[PDB]
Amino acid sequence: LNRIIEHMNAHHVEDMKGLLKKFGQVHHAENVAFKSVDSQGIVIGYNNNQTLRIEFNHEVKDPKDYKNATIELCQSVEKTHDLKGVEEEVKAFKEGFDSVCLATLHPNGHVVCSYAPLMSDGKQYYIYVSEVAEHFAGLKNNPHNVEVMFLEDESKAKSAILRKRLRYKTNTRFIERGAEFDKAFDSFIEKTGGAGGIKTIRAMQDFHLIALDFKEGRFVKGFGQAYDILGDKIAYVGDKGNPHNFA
């Protein structure tokens, strides 16, 4: 760690000040120097013989990668503000799924947490659902009280407490069978490969393609890296820094 300490103190002092402020609410730190790194995080020293420990978002399994993980953490402070990059991540994130989770309000007054197959044509997204499923009644009766969530697989996520997610308050509407329907479905068949029952449900008339018109969105890709979305506008949510601990 001796070499790492030298490296950080020589090229990432301003980043460390950024980390101290963002994660520790330490605003006027002096004598900022890198103290250590271990498989789970780093320790930054400052001021009156003090330190702030900041954990990585995963365990770094090989000591050979401690340096890069530390650099990534230091660079995350400014990267948080690369809105163009976040916008591109959001687009690519959505393209990596063939299904989404939903919250709907059923006519029985109870919320419903479910999931449905996701399809798309251009920038238009849709879900394909059956009248037999509990979420159908809510999509039909409360079409504008719906939230759609793109949630990263637990097995692909950094940890159980940081699964990347993209959520949108959504207005829904039914799409009748026809040209629009076939374009979305053919696209789904091509992308997925079309096996597994997909061909069967296309012919089941109790299934409906429902367009998703997204309104307010919230994207979370890392600790202290949450964003609000609306149309083509995206804004970082934490200019004030760590809000936890009743900050």
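Numbers follow the displayed sequence, beginning with 1.
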Task: Comparing 177-185 with 202-210, the one whose average Cα B-factor in the PDB entry is higher - done: 177-185
Open item on the list: On mean Cα temperature factor in this entry, is 187-195 or 30-38 the higher one?
Closed with: 30-38
TODO: Among the candidates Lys123, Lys158, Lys91, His110, give the one with the maximum CA B-factor reported in the record.
DONE: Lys123
Task: Residue selected from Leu151, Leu83, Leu139, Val129 by maximal Cα B factor - done: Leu83
TODO: State the tercile, meaning the lowest, middle or highest third, of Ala69 with respect to the CA B-factors recorded for its chain.
DONE: highest
Open item on the list: Looking at the temperature factor on the CA atom of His58, which third of the chain's modelled residues does it land in?
Closed with: middle
TODO: Relative to the other modelled residues of the same chain, rank the CA B-factor of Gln75 and answer lowest, middle or highest third.
DONE: highest
